[PDB]
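Analysis of the macromolecular model
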Amino acid sequence: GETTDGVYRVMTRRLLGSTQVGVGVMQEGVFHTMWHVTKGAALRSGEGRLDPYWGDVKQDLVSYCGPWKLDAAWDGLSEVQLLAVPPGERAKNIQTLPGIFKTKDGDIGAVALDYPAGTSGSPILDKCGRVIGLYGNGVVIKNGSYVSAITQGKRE
Amino acid sequence: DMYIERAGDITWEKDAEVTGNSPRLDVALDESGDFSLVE
Ligand SMILES: C[n+]1cccc(Br)c1
């Protein structure tokens, strides 16, 4: 199937019509998405198959065809861009200054942007175009608004 | 059965729409990968 680097929609035909369940990143021959999008299932790319290679429910991440390749990190100061890929709509860049999730194990960047559930796995980028994490695992705050962690994996 | 379809290149867009606030939140992460607010 298609191995070209870039952002991809993750679709299923199990439900009514063709439904977008999430999004992912192809980089260095590896497909990267959030665990809750695929539940670790195999994926099809044209006539080819992509098998899971690494995954972790707690990190909510999964890689296909090889180990996790994305290692850029938010610098903690600069605006970033969400490359949102919503269901049935064109890819669009949204610039924002991340907030912070403070946890008992350290702080993580967070983006306060609200998109349909099927946008999970969309990449968040720095000014060099590097993927610093994936959008789609977060929380609902007091005023009912959605804030996503900037979720990044480890490159072994 | 799940399948992927290319949606675009990964690049920074000069003069993209700028929005969203930057909240600082105390959160907890459980073993199932769910984030929750700590109050
Ligand atoms: C689970 N969830 C809810 C709202 C937006 C996104 Br992206 C993911």
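So, a few notes on the structure that sits alongside this text. (Residues numbered from 1 in each chain as written, not as in the entry; some residues may be left out. Chains lettered and ligands numbered in written order. Heavy atoms only, no water.)

So, about the interface of chain A and chain B. Contact residues are listed per partner, giving 58 residues for chain A and 34 residues for chain B. Here chain A meets chain B over a buried area of about 4,100 Å², counting both sides, of which 60% is carbon and sulfur. Where chain A meets chain B, there are one salt bridge. Counting the contacts that link chain A with chain B gives 20 residue pairs in polar contact. Broken down by element, the residue count for the side of chain A that touches chain B peaks at seven residues, all from strand 1 (residues 6–12) of chain A. Here strand 4 (residues 43–45) of chain A runs beside strand 1 (residues 2–8) of chain B; their pairing, made up of two bridges, is parallel. Counterpart to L43 of chain A in the pairing with strand 1 of chain B is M2 of chain B. (Contact = heavy atoms within 4.5 Å. Buried area = accessible area lost by both parts, 1.4 Å probe. Salt bridge = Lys/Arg side-chain N within 4 Å of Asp/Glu carboxyl O. Polar contact = N/O pair within 3.5 Å; in protein donor to acceptor, adjacent residues only side chain to side chain. Helix = DSSP H or I, 4+ residues; strand = E, 2+ residues; numbered from the N terminus. Pairing = 2+ DSSP bridges.)

Counting 24 residues, the largest nonpolar core has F31 and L43 of chain A together with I4 of chain B as the members making the most contacts within it. Mapped by element, the contributors of at least two residues to this core are strand 1, strand 2 (19–27), strand 7 (61–64) and strand 13 (131–135) of chain A together with strand 1 of chain B. When we break this core down by domain, the ones giving at least three residues each are domain 1 (6–64) and domain 2 (80–149) of chain A. When sequence neighbours within four positions are dropped, the list of residues in contact with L43 of chain A reads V10, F31, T38, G48, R49, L50 and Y64 of chain A together with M2 and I4 of chain B. (Core = buried A, V, L, I, M, F, W, Y, C linked by side-chain atoms within 4.5 Å. Buried < 20%, exposed > 50% of the residue type's maximum accessible area, 1.4 Å probe, protein only. Domains from an automatic or database assignment.)

All names here are of chain A. In the vicinity of the ligand, the contacting residues are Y115, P116, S120, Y135, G136 and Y146. Summarising the interface, the protein chains cover 72% of the accessible area of the ligand, which totals 280 Å² for the free molecule. Broken down by class, the residue content of the shell around the ligand amounts to four nonpolar, two polar and no charged. (Near = heavy atom within 4 Å. Areas by Shrake-Rupley, 256 points an atom, 1.4 Å probe, with all protein chains shown as cover. Nonpolar A, V, L, I, M, F, W, Y, C, P; charged D, E, K, R; others polar.)

What follows is about the environment of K104 of chain A. Tracing the backbone through its elements, the reader meets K104 of chain A in the loop between strand 10 (99–103) and strand 11 (106–111). Polar side-chain contacts of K104 of chain A include one of 3.1 Å to the side chain of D105 of chain A.

A separate point is the sheet that holds strand 6 (residues 52–56) of chain A. Strand order across the open sheet formed by eight strands is 5(A)-4(A)-1(B)-1(A)-2(A)-3(A)-7(A)-6(A), with mixed pairing between neighbours. Each of the sheet's edge strands pairs with one partner strand only, and the pair in question is strand 5 (48–50) and strand 6 of chain A. If you compare each strand with its neighbour and ignore which way they point, the axes differ by 35° on average. Relative to strand 3 (residues 30–33) of chain A, strand 2 of chain A is paired through three bridges, and the arrangement is antiparallel. By the bridge assignment for strand 3 of chain A, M26 of chain A is matched with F31 of chain A. (Axes fitted to C-alpha atoms, helices over the stretch in contact; angles between N-to-C directions.)

The next thing to look at is the sheet that holds strand 3 (residues 24–29) of chain B. The strands that make up a sheet are held in pairs by hydrogen bonds between backbone atoms, and each pair lies either parallel or antiparallel. Spatially, the six strands line up as an open sheet ordered 14(A)-15(A)-11(A)-10(A)-3(B)-4(B), and their pairing is mixed. At either end of the open sheet lies a strand with only one pairing partner, and these are strand 14 (138–140) of chain A together with strand 4 (35–37) of chain B. Strand-to-strand twist in this sheet, taken as the mean axis angle between neighbours without regard to direction, amounts to 40°. Bridge analysis of strand 14 of chain A against strand 15 (residues 146–149) of chain A gives three bridges, and the strand direction is antiparallel. Directly across from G138 of chain A, in strand 15 of chain A, lies its bridge partner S148 of chain A.

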